[PDB]
Amino acid sequence: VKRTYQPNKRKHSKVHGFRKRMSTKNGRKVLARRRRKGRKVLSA
Amino acid sequence: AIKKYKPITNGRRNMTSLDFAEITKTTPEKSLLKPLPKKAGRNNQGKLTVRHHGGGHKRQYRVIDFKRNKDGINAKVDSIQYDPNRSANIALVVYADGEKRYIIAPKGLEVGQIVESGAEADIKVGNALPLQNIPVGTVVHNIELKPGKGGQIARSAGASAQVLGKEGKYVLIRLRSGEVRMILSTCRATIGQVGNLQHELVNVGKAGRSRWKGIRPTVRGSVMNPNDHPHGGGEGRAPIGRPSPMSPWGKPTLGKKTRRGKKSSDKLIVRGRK
RNA sequence: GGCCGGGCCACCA
RNA sequence: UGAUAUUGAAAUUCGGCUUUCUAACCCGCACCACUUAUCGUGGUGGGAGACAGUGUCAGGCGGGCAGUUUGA
RNA sequence: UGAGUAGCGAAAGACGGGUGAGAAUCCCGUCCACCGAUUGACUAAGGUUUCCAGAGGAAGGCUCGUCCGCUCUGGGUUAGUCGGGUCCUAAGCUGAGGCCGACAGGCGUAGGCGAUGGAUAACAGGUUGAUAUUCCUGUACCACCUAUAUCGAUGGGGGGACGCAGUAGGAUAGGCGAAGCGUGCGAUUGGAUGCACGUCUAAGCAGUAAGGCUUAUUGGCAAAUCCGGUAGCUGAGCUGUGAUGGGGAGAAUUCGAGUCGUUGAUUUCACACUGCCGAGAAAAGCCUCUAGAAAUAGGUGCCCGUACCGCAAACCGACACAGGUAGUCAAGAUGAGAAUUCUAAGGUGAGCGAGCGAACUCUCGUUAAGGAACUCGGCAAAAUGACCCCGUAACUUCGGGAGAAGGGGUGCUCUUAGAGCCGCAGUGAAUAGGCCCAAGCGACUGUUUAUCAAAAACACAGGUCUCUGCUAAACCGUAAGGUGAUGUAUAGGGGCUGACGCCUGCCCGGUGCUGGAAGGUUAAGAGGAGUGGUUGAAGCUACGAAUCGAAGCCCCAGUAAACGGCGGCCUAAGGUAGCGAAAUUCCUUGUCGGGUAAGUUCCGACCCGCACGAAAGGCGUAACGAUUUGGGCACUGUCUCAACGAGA
RNA sequence: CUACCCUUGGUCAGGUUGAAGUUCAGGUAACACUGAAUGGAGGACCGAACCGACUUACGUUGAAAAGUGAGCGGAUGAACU
RNA sequence: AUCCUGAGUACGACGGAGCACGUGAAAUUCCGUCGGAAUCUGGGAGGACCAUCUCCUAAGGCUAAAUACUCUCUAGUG
Ligand SMILES: [K+]
Ligand SMILES: [K+]
Ligand SMILES: [K+]
Ligand SMILES: [K+]
Ligand SMILES: [K+]
Ligand SMILES: [K+]
Ligand SMILES: [Mg+2]
Ligand SMILES: [Mg+2]
Ligand SMILES: [Mg+2]
Ligand SMILES: [Mg+2]
Ligand SMILES: [Mg+2]
Ligand SMILES: [Mg+2]
Ligand SMILES: [Mg+2]
Ligand SMILES: [Mg+2]
Ligand SMILES: [Mg+2]
Ligand SMILES: [Mg+2]
Ligand SMILES: [Mg+2]
Ligand SMILES: [Mg+2]
Ligand SMILES: [Mg+2]
Ligand SMILES: [Mg+2]
Ligand SMILES: [Mg+2]
Ligand SMILES: [Mg+2]
Ligand SMILES: [Mg+2]
Ligand SMILES: [Mg+2]
Ligand SMILES: [Mg+2]
Ligand SMILES: [Mg+2]
Ligand SMILES: [Mg+2]
Ligand SMILES: [Mg+2]
Ligand SMILES: [Mg+2]
Ligand SMILES: [Mg+2]
Ligand SMILES: [Mg+2]
Ligand SMILES: [Mg+2]
Ligand SMILES: [Mg+2]
Ligand SMILES: [Mg+2]
Ligand SMILES: [Mg+2]
Ligand SMILES: [Mg+2]
Ligand SMILES: [Mg+2]
Ligand SMILES: [Mg+2]
Ligand SMILES: [Mg+2]
Ligand SMILES: [Mg+2]
Ligand SMILES: [Mg+2]
Ligand SMILES: [Mg+2]
Ligand SMILES: [Mg+2]
Ligand SMILES: [Mg+2]
Ligand SMILES: [Mg+2]
Ligand SMILES: [Mg+2]
Ligand SMILES: [Mg+2]
Ligand SMILES: [Mg+2]
Ligand SMILES: [Mg+2]
Ligand SMILES: [Mg+2]
Ligand SMILES: [Mg+2]
Ligand SMILES: [Mg+2]
Ligand SMILES: [Mg+2]
Ligand SMILES: [Mg+2]
Ligand SMILES: [Mg+2]
Ligand SMILES: [Mg+2]
Ligand SMILES: [Mg+2]
Ligand SMILES: [Mg+2]
Ligand SMILES: [Mg+2]
Ligand SMILES: [Mg+2]
Ligand SMILES: [Mg+2]
Ligand SMILES: [Mg+2]
Ligand SMILES: [Mg+2]
Ligand SMILES: [Mg+2]
Ligand SMILES: [Mg+2]
Ligand SMILES: [Mg+2]
Ligand SMILES: [Mg+2]
Ligand SMILES: [Mg+2]
Ligand SMILES: [Mg+2]
Ligand SMILES: [Mg+2]
Ligand SMILES: [Mg+2]
Ligand SMILES: [Mg+2]
Ligand SMILES: [Mg+2]
Ligand SMILES: [Mg+2]
Ligand SMILES: [Mg+2]
Ligand SMILES: [Mg+2]
Ligand SMILES: [Mg+2]
Ligand SMILES: [Mg+2]
Ligand SMILES: [Mg+2]
């Protein structure tokens, strides 16, 4: 049966990518939180 | 006239349609078309704000000359055409200088007939004049509310209004709804009645034919749940169960008037209707 | 309780 | 829905009422320019006009929505 | 611990030979078997090295393992023309200025980004362990540059440029046949001398082509010789060349033939033509107008992707998981068919086996006599079934019902519809409607509780009420800005009803809605008579009645396809038509009749309607239904009543 | 994923039925009207692909956190993708 | 004390907020709306308010230190 995750490079980059995060204040808050926690990966 | 289909199927039973015998040309005029993507009742927020809109056939917009501001030049009617965007047919008119325009097709307008607009135009069907120069008792359509803005009243199939009198800078008109109101004397109107009178006679016949027109199904409030509608809930079928029938947004919806107060047009509306 | 001829208004031991 | 501010000039009639005016304010009206632009701003006409809209105050309606109560 | 227990994930393997310390499990061979509108071939997404070679066998692999999509080491993806960028726009996103907003921000103009669409120059053959329209060979094309002898729009106009169905044709691909020509083979099982295949070759460049379509003067911001007004272009395919090249059934690097018939597209001409209503993108490339201001030869041509899996062992499902995953190619026999069965191309034998042939479970086949007696219920199974020809009821909205029902035929051989031949049986396998009578509900096709409900529920076409005069009403939003609508009362929103037919009664007292009267009542505000405190007073200060003062509410009227109500003298009025033990009836298995040997269910009546009733519609109604309910024929292991056989 | 929607693409073996129109032959003062032919309409019929999910059997420490087998509904449309 | 000394200001009504303080005998501070002074014989406060007395001189601005914290750095401690 069809499952929830149907991968799509373009969709993934456009919704969760770096530039989409930079595009809003709350996305920049996400990036700041992840930098503060010390994550290796900040976004897609 | 109206075509009555034979009941070859349960869907075709009692279905009728226009025969399109007044349509003299079956394709539009290319230079006057414009794209018209569907909104499906969704506004600039992307949110549905009007229910029951969506789907339906693809349509191209026909640019219609509602203003009729090309004064002093004759125009010959070249063809009567189907317009998917409105109930009336439209007429392609060719001006004496070669300019081609679309106008609402009046009842009785014929190919080869000459229409003209302006203060000096004759009182004949398809001619557009200011209300100042239109005699009392004349049946008109495509009436402007503001000078130069273009006709806004009496534009659908079979629509008409009659001139009643002249009181100063306003002209008294009885509209198709039955309302009697004043309109500025410099506002233009076109002589005659809008054509395609049989438009309201069509028996749609089946649900799918409504779907082709972009109408999505209406769900009654009585079969919703209380969190969806004031009429929702109850065990089994239920009556209204409150003093007044209600809209889905919680407002009385049988007889309650909604015209707002203190409008600038109150002074201009002499007798109302609907 | 207020006011007017029962009706409107008012009432935070 | 009322008062008041924005809000100005004349009259008629009984602190008001009414009518007229234009110049505030308004126009999802027309044309013009910026400008290859159905936004905007400015200009000129037209319409409307001390109304409307908006602020503050006040009365009314208000399961549309909300916080809760509904004893032993 | 349970326990050496459950399981080891859809299936056909056998043997020989090899390798090895070790082999059902690896390699090779032969035979057998499975898929084949696909278990074959090729694209896309997604994955991201899983690809190739050599070496390995700790762990992973549901067993084994010498093997591997696992481990180690070394390798592998080649483009002016393929797909994308240096081209175009759609939805949508964004947005200089701008509009709006406690902040944060929201919206939006020009503009921009953005394919799933438009434009756009390369084909055939060969070659590797792993790449190929990319490398090589052959033959091309496109853009730009140079060398040797009118151009014109970030302007106008045209064009690009478009739905759905159906029909008749042209051509071609492909299929089949004869063997015309060629290439192999001619067989120790009784016979014959016949059996088995091949029959190709691109872009490009020339030529050809069935077909298909069809002069003057004066608004497109200035001008136009263009467009608008007025008084020939396209086109599948063919032929030659490309190519004495290449490939070839085969034979010994050399040689080796490319034809006749038939059928004929789902491909193409081509959305060409015809018809229809629901009326079917944009922009650039391109052509042209105006303002305005050659061939030939040689050379140059960038970036990104390119391995491999890809209807899966590599993607989504935690798995080497019976699931999910867009498009394309579409052989033969049979047939209407892409159904069915067997095959071709090509792929595959399923990552535990060996025995045995107990109970019991599951899947499958048969069954004496009977034939629904089973059971809540014929649940399941059985029966029906294709094609051709007869024949076909009530009812009906005249379409239908209808494939009603019910019958008949079918093999093979020969002769020109007959004559024969064989079997138990001839659509001899596989696949292919069970039907009829009656009632309830809903008109109908459709929709629904992803994952216990598919329905009588929702929707629906139709009806009616109501709102709405356009900056409409309604709706989203604080606003700006939007939807409604580039619509305008034959339109748009909301309520209820639910095809159609015949109809839809009584009550406006109450509530809601609509309109009237400005009589009573009321707030802010105005208006200030008067009074207290303090300083005989002003004065400062705390309060304070006349009266003016809106809507609402009270009052009056109307309105029931508004909310509602439809008696037991009382009311506002006391239920019309139709229907009725009903999807409604407690008593109740009401009573009577029909149907059965027997009928709490069913059908027809009665009316005593606990507690039907007219758009939360009444009563009917052809057609329709994986709906509910009763009856009947067929048929059967459902049952009497169980028996045997096959496999897991 | 799922619901609705927007833009732009794609897909639907075969068989059956036979609406409107048109032509002819009648018929008529004219028009109705009749018969044949043709024509090819439909949320039309049967039925693969495809989309569903009515019954039943199996599965229920599953092959599968919703499936499989056998039938079953739709299958040019309010279709599916 | 001849002139100057912060005006839509102080202040008031209504609605709110901040003050320990819930509008209360509520002074004192601020905001919106509307109104709106006095001018050294002036003005403000001393918890309603008035008079006297006392203290001060709003409606312009600037100002170290004592105080708060530790991602850090240096040296140490339990
Ligand atoms: K119409
Ligand atoms: K490659
Ligand atoms: K009543
Ligand atoms: K009433
Ligand atoms: K009864
Ligand atoms: K009842
Ligand atoms: Mg609607
Ligand atoms: Mg509905
Ligand atoms: Mg419900
Ligand atoms: Mg509610
Ligand atoms: Mg209710
Ligand atoms: Mg009920
Ligand atoms: Mg008001
Ligand atoms: Mg509540
Ligand atoms: Mg709480
Ligand atoms: Mg208790
Ligand atoms: Mg154990
Ligand atoms: Mg054991
Ligand atoms: Mg045990
Ligand atoms: Mg055991
Ligand atoms: Mg076992
Ligand atoms: Mg296995
Ligand atoms: Mg087979
Ligand atoms: Mg490998
Ligand atoms: Mg192992
Ligand atoms: Mg490896
Ligand atoms: Mg924006
Ligand atoms: Mg702002
Ligand atoms: Mg593309
Ligand atoms: Mg390869
Ligand atoms: Mg077009
Ligand atoms: Mg054709
Ligand atoms: Mg085919
Ligand atoms: Mg078509
Ligand atoms: Mg490859
Ligand atoms: Mg693999
Ligand atoms: Mg396996
Ligand atoms: Mg799998
Ligand atoms: Mg799968
Ligand atoms: Mg076929
Ligand atoms: Mg098959
Ligand atoms: Mg038997
Ligand atoms: Mg027997
Ligand atoms: Mg029998
Ligand atoms: Mg029985
Ligand atoms: Mg029994
Ligand atoms: Mg059954
Ligand atoms: Mg058959
Ligand atoms: Mg026979
Ligand atoms: Mg139904
Ligand atoms: Mg159905
Ligand atoms: Mg369910
Ligand atoms: Mg349950
Ligand atoms: Mg179900
Ligand atoms: Mg709009
Ligand atoms: Mg209903
Ligand atoms: Mg009903
Ligand atoms: Mg009634
Ligand atoms: Mg009344
Ligand atoms: Mg009042
Ligand atoms: Mg008052
Ligand atoms: Mg009872
Ligand atoms: Mg019986
Ligand atoms: Mg009965
Ligand atoms: Mg009822
Ligand atoms: Mg009713
Ligand atoms: Mg049976
Ligand atoms: Mg296909
Ligand atoms: Mg159908
Ligand atoms: Mg699929
Ligand atoms: Mg479903
Ligand atoms: Mg199935
Ligand atoms: Mg059916
Ligand atoms: Mg079907
Ligand atoms: Mg000072
Ligand atoms: Mg406070
Ligand atoms: Mg204070
Ligand atoms: Mg205080
Ligand atoms: Mg003070």
# chains A, B, ... in the order shown; residues from 1 in each chain; ligands from 1
>>> residues_around(residues="segment 355-366 of chain E", least_positions_apart="4", cutoff="9 Å", atoms="only C-alpha atoms (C1' of nucleotides)", output="MDAnalysis selection string")
(chainID E and resid 644:648) or (chainID F and resid 58)
>>> write_last_selection(atoms="N, CA and C atoms (P, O5', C5', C4', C3', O3' and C1' of nucleotides)", output="PDB file, in the first residue's frame")
ATOM      1  P     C E 644     -12.643 -42.476   4.702  1.00  0.00           P
ATOM      2  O5'   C E 644     -12.119 -42.389   3.207  1.00  0.00           O
ATOM      3  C5'   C E 644     -12.168 -43.528   2.368  1.00  0.00           C
ATOM      4  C4'   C E 644     -11.918 -43.180   0.926  1.00  0.00           C
ATOM      5  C3'   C E 644     -10.680 -42.360   0.633  1.00  0.00           C
ATOM      6  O3'   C E 644      -9.481 -43.110   0.674  1.00  0.00           O
ATOM      7  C1'   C E 644     -12.495 -41.480  -0.575  1.00  0.00           C
ATOM      8  P     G E 645      -8.091 -42.378   1.005  1.00  0.00           P
ATOM      9  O5'   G E 645      -7.783 -41.534  -0.304  1.00  0.00           O
ATOM     10  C5'   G E 645      -7.621 -42.165  -1.561  1.00  0.00           C
ATOM     11  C4'   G E 645      -7.604 -41.159  -2.682  1.00  0.00           C
ATOM     12  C3'   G E 645      -6.603 -40.026  -2.559  1.00  0.00           C
ATOM     13  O3'   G E 645      -5.271 -40.396  -2.853  1.00  0.00           O
ATOM     14  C1'   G E 645      -8.673 -39.138  -3.200  1.00  0.00           C
ATOM     15  P     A E 646      -4.049 -39.580  -2.205  1.00  0.00           P
ATOM     16  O5'   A E 646      -4.047 -38.195  -2.984  1.00  0.00           O
ATOM     17  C5'   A E 646      -3.711 -38.124  -4.358  1.00  0.00           C
ATOM     18  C4'   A E 646      -3.523 -36.694  -4.794  1.00  0.00           C
ATOM     19  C3'   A E 646      -2.626 -35.846  -3.908  1.00  0.00           C
ATOM     20  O3'   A E 646      -1.246 -36.062  -4.140  1.00  0.00           O
ATOM     21  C1'   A E 646      -4.600 -34.655  -4.369  1.00  0.00           C
ATOM     22  P     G E 647      -0.214 -36.062  -2.911  1.00  0.00           P
ATOM     23  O5'   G E 647       0.051 -34.519  -2.640  1.00  0.00           O
ATOM     24  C5'   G E 647       0.560 -33.679  -3.662  1.00  0.00           C
ATOM     25  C4'   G E 647       0.275 -32.225  -3.387  1.00  0.00           C
ATOM     26  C3'   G E 647       0.794 -31.665  -2.074  1.00  0.00           C
ATOM     27  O3'   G E 647       2.177 -31.368  -2.101  1.00  0.00           O
ATOM     28  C1'   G E 647      -1.429 -30.967  -2.390  1.00  0.00           C
ATOM     29  P     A E 648       3.039 -31.387  -0.748  1.00  0.00           P
ATOM     30  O5'   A E 648       2.593 -30.066   0.019  1.00  0.00           O
ATOM     31  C5'   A E 648       2.669 -28.790  -0.596  1.00  0.00           C
ATOM     32  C4'   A E 648       2.193 -27.711   0.341  1.00  0.00           C
ATOM     33  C3'   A E 648       2.746 -27.806   1.750  1.00  0.00           C
ATOM     34  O3'   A E 648       4.030 -27.223   1.840  1.00  0.00           O
ATOM     35  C1'   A E 648       0.405 -27.473   1.840  1.00  0.00           C
TER      36        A E 648
ATOM     37  P     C F  58     -11.811 -19.825   6.995  1.00  0.00           P
ATOM     38  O5'   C F  58     -10.370 -19.378   6.490  1.00  0.00           O
ATOM     39  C5'   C F  58      -9.501 -20.297   5.855  1.00  0.00           C
ATOM     40  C4'   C F  58      -8.272 -19.611   5.315  1.00  0.00           C
ATOM     41  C3'   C F  58      -7.398 -18.901   6.333  1.00  0.00           C
ATOM     42  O3'   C F  58      -6.548 -19.770   7.054  1.00  0.00           O
ATOM     43  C1'   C F  58      -7.726 -17.495   4.473  1.00  0.00           C
TER      44        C F  58
END
>>> residues_near_ligand(ligand="ligand 33", cutoff="12 Å", atoms="only C-alpha atoms (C1' of nucleotides) and all ligand atoms", output="PDB file with C-alpha atoms (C1' of nucleotides), in the first residue's frame")
ATOM      1  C1'   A E  37      -0.609  -7.219 -22.727  1.00  0.00           C
ATOM      2  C1'   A E 265      -2.769  -0.774 -38.495  1.00  0.00           C
ATOM      3  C1'   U E 266      -3.889   1.081 -32.235  1.00  0.00           C
ATOM      4  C1'   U E 267       1.286   4.617 -36.549  1.00  0.00           C
ATOM      5  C1'   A E 330       2.787  -4.908 -28.148  1.00  0.00           C
ATOM      6  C1'   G E 337     -10.789  -8.919 -28.178  1.00  0.00           C
ATOM      7  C1'   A E 338      -4.744  -6.409 -25.201  1.00  0.00           C
TER       8        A E 338
ATOM      9  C1'   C F  12      -9.580   4.011 -21.551  1.00  0.00           C
ATOM     10  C1'   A F  13      -9.046  -4.347 -25.671  1.00  0.00           C
ATOM     11  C1'   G F  14     -13.387  -5.556 -27.771  1.00  0.00           C
ATOM     12  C1'   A F  48     -10.434  -6.520 -20.419  1.00  0.00           C
ATOM     13  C1'   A F  49      -6.768  -2.712 -18.935  1.00  0.00           C
TER      14        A F  49
END
>>> residues_near_ligand(ligand="ligand 27", cutoff="10 Å", atoms="only C-alpha atoms (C1' of nucleotides) and all ligand atoms", output="ChimeraX atom specification")
/E:93-95,106-108
>>> interface_residues(of="chain B", to="chain D", cutoff="10 Å", atoms="only C-alpha atoms (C1' of nucleotides)", output="compact mmCIF listing (two decimals) with N, CA, C and O atoms, in the first residue's frame")
# COMPACT_ATOMS: atom_id res chain seq x y z
N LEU B 145 -23.98 53.42 -14.41
CA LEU B 145 -24.24 54.09 -13.15
C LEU B 145 -23.37 55.32 -12.94
O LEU B 145 -23.77 56.24 -12.23
N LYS B 146 -22.19 55.35 -13.56
CA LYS B 146 -21.31 56.50 -13.56
C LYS B 146 -20.94 56.84 -15.00
O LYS B 146 -20.71 55.93 -15.81
N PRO B 147 -20.87 58.12 -15.35
CA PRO B 147 -20.55 58.49 -16.74
C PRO B 147 -19.16 58.02 -17.13
O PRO B 147 -18.17 58.31 -16.45
N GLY B 148 -19.09 57.29 -18.24
CA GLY B 148 -17.83 56.82 -18.78
C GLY B 148 -17.33 55.51 -18.21
O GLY B 148 -16.33 54.98 -18.70
N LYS B 149 -17.98 54.97 -17.18
CA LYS B 149 -17.51 53.74 -16.56
C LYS B 149 -17.90 52.48 -17.33
O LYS B 149 -17.25 51.45 -17.18
N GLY B 150 -18.94 52.55 -18.15
CA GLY B 150 -19.43 51.37 -18.83
C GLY B 150 -20.72 50.86 -18.22
O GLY B 150 -21.00 51.04 -17.03
N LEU B 184 -27.98 59.11 -13.23
CA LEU B 184 -27.47 60.35 -13.79
C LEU B 184 -27.78 60.44 -15.28
O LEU B 184 -27.63 59.47 -16.03
N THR B 186 -26.29 61.87 -17.69
CA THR B 186 -25.16 61.70 -18.60
C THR B 186 -24.73 60.24 -18.74
O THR B 186 -23.89 59.95 -19.59
N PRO B 230 -25.35 25.73 12.32
CA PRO B 230 -26.41 25.83 13.34
C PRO B 230 -27.51 24.79 13.19
O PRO B 230 -28.14 24.42 14.18
N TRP B 249 -22.78 30.56 8.79
CA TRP B 249 -21.97 31.47 9.59
C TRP B 249 -22.74 32.08 10.75
O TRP B 249 -22.20 32.94 11.45
N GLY B 250 -23.96 31.63 10.99
CA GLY B 250 -24.69 32.03 12.18
C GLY B 250 -25.57 33.25 12.05
O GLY B 250 -25.81 33.92 13.06
N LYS B 251 -26.07 33.54 10.86
CA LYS B 251 -26.93 34.70 10.68
C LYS B 251 -28.30 34.28 10.15
O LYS B 251 -28.38 33.36 9.34
N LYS B 262 -27.21 53.95 5.58
CA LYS B 262 -26.42 55.16 5.36
C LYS B 262 -25.62 55.10 4.06
O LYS B 262 -24.54 55.68 3.96
N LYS B 263 -26.15 54.40 3.05
CA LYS B 263 -25.51 54.37 1.75
C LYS B 263 -25.86 55.62 0.96
O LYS B 263 -26.94 56.20 1.10
N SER B 264 -24.92 56.05 0.11
CA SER B 264 -25.15 57.24 -0.69
C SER B 264 -26.30 57.07 -1.68
O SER B 264 -26.87 58.07 -2.12
>>> select_by_dssp(residues="chain A", states="helix (DSSP H, G or I)", output="ChimeraX atom specification")
/A:9-16,18-22,25-37
>>> residues_around(residues="segment 7-9 of chain C", least_positions_apart="5", cutoff="10 Å", atoms="only C-alpha atoms (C1' of nucleotides)", output="count of residues only")
6
>>> closest_residue(among="E:480, E:297, E:450, E:309", to="chain A", atoms="only C-alpha atoms (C1' of nucleotides)")
E:450
>>> residues_near_ligand(ligand="ligand 77", cutoff="6 Å", atoms="only C-alpha atoms (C1' of nucleotides) and all ligand atoms", output="list in words")
residues 19, 28 and 29 of chain G
>>> residues_near_ligand(ligand="ligand 69", cutoff="8 Å", atoms="only C-alpha atoms (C1' of nucleotides) and all ligand atoms", output="list in words")
residues 445 of chain E; 43, 44, 45, 74, 75 and 77 of chain F
>>> residues_near_ligand(ligand="ligand 42", cutoff="8 Å", atoms="only C-alpha atoms (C1' of nucleotides) and all ligand atoms", output="list in words")
residues 367, 368, 369 and 637 of chain E
>>> residues_around(residues="residue 8 of chain F", least_positions_apart="6", cutoff="8 Å", atoms="only C-alpha atoms (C1' of nucleotides)", output="JSON, numbers by chain")
{"E": [90, 115, 116, 117]}
>>> residues_near_ligand(ligand="ligand 21", cutoff="12 Å", atoms="only C-alpha atoms (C1' of nucleotides) and all ligand atoms", output="MDAnalysis selection string")
chainID E and resid 4:8 352
>>> interface_residues(of="chain A", to="chain E", cutoff="8 Å", atoms="only C-alpha atoms (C1' of nucleotides)", output="VMD selection string")
chain A and resid 1 to 3 5 to 8
>>> residues_near_ligand(ligand="ligand 79", cutoff="12 Å", atoms="only C-alpha atoms (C1' of nucleotides) and all ligand atoms", output="number ranges by chain")
G: 10-12, 27-29, 43-45, 47, 58
>>> residues_near_ligand(ligand="ligand 49", cutoff="12 Å", atoms="only C-alpha atoms (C1' of nucleotides) and all ligand atoms", output="PyMOL selection string")
chain E and resi 409-412+422-423+425-426+428
>>> write_last_selection(atoms="C-alpha atoms (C1' of nucleotides)", output="PDB file, in the first residue's frame")
ATOM      1  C1'   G E 409     -28.053 -25.445 -33.846  1.00  0.00           C
ATOM      2  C1'   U E 410     -22.547 -26.402 -33.644  1.00  0.00           C
ATOM      3  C1'   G E 411     -17.457 -32.348 -34.708  1.00  0.00           C
ATOM      4  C1'   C E 412     -15.172 -34.614 -39.196  1.00  0.00           C
ATOM      5  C1'   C E 422     -17.214 -41.418 -35.598  1.00  0.00           C
ATOM      6  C1'   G E 423     -17.914 -40.933 -30.075  1.00  0.00           C
ATOM      7  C1'   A E 425     -20.398 -36.478 -25.198  1.00  0.00           C
ATOM      8  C1'   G E 426     -18.862 -31.989 -31.209  1.00  0.00           C
ATOM      9  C1'   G E 428     -15.771 -32.212 -26.594  1.00  0.00           C
TER      10        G E 428
END
>>> residues_near_ligand(ligand="ligand 26", cutoff="12 Å", atoms="only C-alpha atoms (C1' of nucleotides) and all ligand atoms", output="PyMOL selection string")
chain E and resi 49-56+68-73
>>> residues_near_ligand(ligand="ligand 9", cutoff="8 Å", atoms="only C-alpha atoms (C1' of nucleotides) and all ligand atoms", output="PyMOL selection string")
(chain B and resi 223-225+233) or (chain E and resi 457)
>>> select_by_dssp(residues="segment 23-184 of chain B", states="strand (DSSP E)", output="ChimeraX atom specification")
/B:33-35,60-62,75-81,90-95,100-104,114-115,128-130,139-141,143-144,151-153,161-167,170-174,180-184
